[PDB]
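Novice: File entry22.cif below, mmCIF, C-alpha atoms:
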```
data_start
#
loop_
_atom_site.label_atom_id
_atom_site.label_comp_id
_atom_site.auth_asym_id
_atom_site.auth_seq_id
_atom_site.Cartn_x
_atom_site.Cartn_y
_atom_site.Cartn_z
CA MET A 1 110.12 82.68 104.99
CA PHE A 2 107.82 84.83 107.13
CA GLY A 3 104.27 86.05 107.12
CA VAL A 4 101.37 87.53 109.04
CA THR A 5 97.96 86.24 110.10
CA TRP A 6 94.79 87.92 111.25
CA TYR A 7 92.35 85.03 111.63
CA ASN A 8 89.59 86.14 114.07
CA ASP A 9 91.70 89.22 114.94
CA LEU A 10 94.54 87.11 116.36
CA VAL A 11 97.06 89.28 114.56
CA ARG A 12 100.39 87.45 114.47
CA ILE A 13 103.42 88.96 112.76
CA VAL A 14 105.80 86.03 112.51
CA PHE A 15 109.51 85.87 111.68
CA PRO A 16 111.78 82.82 112.16
CA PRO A 17 113.37 84.27 115.33
CA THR A 18 110.27 85.79 116.95
CA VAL A 19 106.52 86.26 116.70
CA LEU A 20 104.45 89.29 117.67
CA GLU A 21 100.92 88.55 118.86
CA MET A 22 98.09 91.07 119.18
CA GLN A 23 94.33 91.02 119.52
CA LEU A 24 92.39 94.17 118.69
CA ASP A 25 88.70 94.59 119.41
CA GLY A 26 87.68 96.97 116.61
CA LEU A 27 89.81 95.21 113.99
CA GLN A 28 89.00 93.14 110.90
CA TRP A 29 91.19 92.73 107.82
CA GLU A 30 90.01 91.35 104.52
CA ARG A 31 92.05 93.05 101.77
CA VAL A 32 95.65 92.41 100.72
CA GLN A 33 97.62 94.72 98.44
CA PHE A 34 100.89 92.92 97.81
CA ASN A 35 103.61 94.73 95.90
CA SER A 36 106.95 93.49 94.62
CA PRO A 37 110.43 94.91 94.07
CA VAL A 38 111.37 95.86 90.53
CA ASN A 39 113.56 92.83 89.70
CA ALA A 40 114.32 89.53 91.38
CA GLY A 41 116.90 87.00 90.25
CA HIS A 42 114.58 84.02 90.47
CA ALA A 43 110.79 84.47 90.77
CA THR A 44 109.74 86.43 93.83
CA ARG A 45 106.69 84.90 95.47
CA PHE A 46 103.66 85.75 97.60
CA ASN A 47 100.64 83.93 98.97
CA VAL A 48 97.35 85.10 100.43
CA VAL A 49 95.79 82.35 102.55
CA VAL B 1 83.07 111.67 137.56
CA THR B 2 84.49 108.39 136.32
CA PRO B 3 83.13 107.54 132.86
CA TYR B 4 81.53 104.30 131.80
CA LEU B 5 84.17 101.97 130.48
CA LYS B 6 84.55 98.55 128.86
CA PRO B 7 84.25 95.66 131.34
CA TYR B 8 87.97 94.78 131.29
CA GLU B 9 89.48 98.21 130.74
CA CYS B 10 91.03 100.27 133.48
CA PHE B 11 90.74 103.93 134.48
CA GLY B 12 92.95 106.39 136.31
CA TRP B 13 93.29 110.15 136.45
CA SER B 14 95.40 112.86 138.03
CA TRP B 15 96.42 116.53 137.93
CA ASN B 16 94.11 118.60 140.00
CA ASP B 17 95.59 121.37 142.22
CA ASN B 18 96.34 123.99 139.58
CA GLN B 19 93.73 126.60 140.61
CA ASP B 20 91.27 125.56 137.89
CA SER B 21 89.09 122.52 137.31
CA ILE B 22 90.92 120.80 134.46
CA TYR B 23 92.63 117.44 134.80
CA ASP B 24 94.14 114.54 132.89
CA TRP B 25 92.47 111.15 132.76
CA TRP B 26 93.48 107.92 131.08
CA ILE B 27 92.11 104.50 130.12
CA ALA B 28 94.19 101.37 129.92
CA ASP B 29 92.33 98.55 128.23
CA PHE B 30 94.47 95.40 128.77
CA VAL B 31 93.28 93.70 125.59
CA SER B 32 95.04 90.32 125.19
CA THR B 33 98.28 91.65 123.75
CA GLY B 34 100.30 88.88 125.38
CA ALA B 35 103.29 91.18 125.85
CA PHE B 36 103.25 91.98 129.56
CA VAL B 37 104.28 95.52 130.44
CA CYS B 38 106.01 96.26 133.75
CA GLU B 39 108.98 97.79 135.49
CA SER B 40 112.01 95.88 136.74
CA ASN B 41 112.83 93.14 134.25
CA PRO B 42 113.79 89.97 136.15
CA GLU B 43 117.44 89.46 136.98
CA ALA B 44 118.27 85.75 137.30
CA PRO B 45 117.28 82.70 139.31
CA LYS B 46 120.13 81.71 141.58
CA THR B 47 121.19 78.30 140.38
CA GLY B 48 121.38 75.31 142.67
CA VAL B 49 118.37 76.20 144.82
CA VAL C 1 79.27 110.13 126.67
CA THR C 2 77.82 106.64 126.90
CA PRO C 3 75.54 106.32 129.94
CA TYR C 4 75.68 103.67 132.60
CA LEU C 5 73.49 100.77 131.61
CA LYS C 6 72.22 97.45 132.94
CA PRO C 7 74.80 94.63 132.71
CA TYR C 8 73.07 92.81 129.85
CA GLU C 9 71.54 95.73 127.98
CA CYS C 10 73.00 97.19 124.84
CA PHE C 11 73.66 100.76 123.68
CA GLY C 12 73.97 102.47 120.32
CA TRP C 13 73.56 105.99 119.03
CA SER C 14 73.68 107.99 115.82
CA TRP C 15 72.75 111.26 114.10
CA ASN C 16 75.47 113.78 114.51
CA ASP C 17 76.44 115.97 111.49
CA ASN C 18 73.52 118.40 111.49
CA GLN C 19 75.43 121.57 112.52
CA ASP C 20 74.32 121.32 116.16
CA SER C 21 75.14 119.00 119.03
CA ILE C 22 71.95 116.96 119.31
CA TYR C 23 71.75 113.26 118.56
CA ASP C 24 69.63 110.15 118.94
CA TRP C 25 70.64 107.32 121.26
CA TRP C 26 69.00 104.01 122.03
CA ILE C 27 69.14 101.13 124.51
CA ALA C 28 68.27 97.56 123.65
CA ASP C 29 67.95 95.40 126.73
CA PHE C 30 67.70 91.79 125.47
CA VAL C 31 65.65 90.59 128.43
CA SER C 32 64.79 86.88 128.00
CA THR C 33 61.85 87.36 125.65
CA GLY C 34 62.57 84.09 123.86
CA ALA C 35 61.34 85.50 120.55
CA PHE C 36 64.52 86.13 118.59
CA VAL C 37 64.46 89.23 116.41
CA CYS C 38 66.46 89.35 113.17
CA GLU C 39 66.41 89.97 109.45
CA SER C 40 66.24 87.28 106.78
CA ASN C 41 63.94 84.52 107.99
CA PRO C 42 65.44 81.14 107.06
CA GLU C 43 64.47 79.64 103.73
CA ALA C 44 64.70 75.83 103.81
CA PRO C 45 67.22 73.08 104.43
CA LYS C 46 67.93 71.28 101.18
CA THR C 47 66.70 67.76 101.73
CA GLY C 48 68.90 64.74 101.21
CA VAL C 49 72.13 66.31 102.46
#
```
Please, can you express the file's structure as structure tokens?
Specialist:
Amino acid sequence: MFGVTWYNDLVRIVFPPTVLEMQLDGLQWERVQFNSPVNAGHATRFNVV
Amino acid sequence: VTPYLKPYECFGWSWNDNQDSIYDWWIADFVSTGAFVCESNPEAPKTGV
Amino acid sequence: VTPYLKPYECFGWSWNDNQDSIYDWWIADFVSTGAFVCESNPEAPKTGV
């Protein structure tokens, strides 16, 4: 499991070994365009928080 | 002339002395990235001191 | 180029894109007037909450 966050421009890009933190002044993100691979064995899964 | 700049960004310039009045200038901005950037990664603490 | 400006005054500009290099710029200064200025005067608190 991994994910990203951008709550009040505290842009984290997390992975179970390591995180990557940024803050950007002229940044704000509100839209998510998830896309999936063509076929998964079980159900592939995604969550916007 | 140094330009106006954001209150925690950082200015330097160089490259005169080429028989015309052009130059390179740069702005570092130091905005809360959390990844420190510097030469000479630290070697090791000597153990037992 | 943004001009130098007083440490608690505030700068914005606009009006390029008219096939010449003139523009309008403005300085708000926010000096302790005590009368707040803003759109959308507040309606009412709903009573009983």
Novice: So that I can check the surroundings of residue B:31, please list as a tab-separated table (two decimals) with C-alpha atoms, in the frame of the given file every protein, DNA and RNA residue that reaches within 10 Å of it, counting all atoms listed in the file and ignoring chain neighbours fewer than 6 positions away.
Specialist:
```tsv
chain	number	residue	atom	x	y	z
A	22	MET	CA	98.09	91.07	119.18
A	23	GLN	CA	94.33	91.02	119.52
A	24	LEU	CA	92.39	94.17	118.69
A	25	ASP	CA	88.70	94.59	119.41
B	8	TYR	CA	87.97	94.78	131.29
B	9	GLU	CA	89.48	98.21	130.74
```
Novice: For a cut-off of 10 Å around (92.7, 115.8, 130.2), file coordinates, pick out all residues using only C-alpha atoms and list them as a PDB file with C-alpha atoms, in the coordinates of the input.
Specialist:
```
ATOM      1  CA  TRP B  13      93.290 110.150 136.450  1.00  0.00           C
ATOM      2  CA  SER B  14      95.400 112.860 138.030  1.00  0.00           C
ATOM      3  CA  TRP B  15      96.420 116.530 137.930  1.00  0.00           C
ATOM      4  CA  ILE B  22      90.920 120.800 134.460  1.00  0.00           C
ATOM      5  CA  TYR B  23      92.630 117.440 134.800  1.00  0.00           C
ATOM      6  CA  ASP B  24      94.140 114.540 132.890  1.00  0.00           C
ATOM      7  CA  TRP B  25      92.470 111.150 132.760  1.00  0.00           C
ATOM      8  CA  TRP B  26      93.480 107.920 131.080  1.00  0.00           C
TER       9      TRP B  26
END
```
Novice: So which one's closest to residue A:9, B:43, B:33, B:49, B:18? Using all atoms listed in the file, please.
Specialist: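 That would be B:33, the residue with the smallest distance to residue A:9.
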Novice: Give me the residues within 12 Å of residue A:32 as a PDB file with C-alpha atoms, in the frame of the given file, counting all atoms listed in the file and dropping any in the same chain fewer than 3 places off.
Specialist:
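What follows is the written file out26.pdb:
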```
ATOM      1  CA  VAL A   4     101.370  87.530 109.040  1.00  0.00           C
ATOM      2  CA  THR A   5      97.960  86.240 110.100  1.00  0.00           C
ATOM      3  CA  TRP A   6      94.790  87.920 111.250  1.00  0.00           C
ATOM      4  CA  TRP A  29      91.190  92.730 107.820  1.00  0.00           C
ATOM      5  CA  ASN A  35     103.610  94.730  95.900  1.00  0.00           C
ATOM      6  CA  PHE A  46     103.660  85.750  97.600  1.00  0.00           C
ATOM      7  CA  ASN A  47     100.640  83.930  98.970  1.00  0.00           C
ATOM      8  CA  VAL A  48      97.350  85.100 100.430  1.00  0.00           C
ATOM      9  CA  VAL A  49      95.790  82.350 102.550  1.00  0.00           C
TER      10      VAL A  49
END
```
Novice: One number please: atom CA of residue C:2 to atom CA of residue B:2, in Å, one decimal.
Specialist: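 Separating atom CA of residue C:2 from atom CA of residue B:2 is a distance of 11.7 Å.
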Novice: Residues of chain B no more than 9 Å from chain C, counting all atoms listed in the file: send them over as JSON, numbers by chain.
Specialist: {"B": [3, 4, 5]}
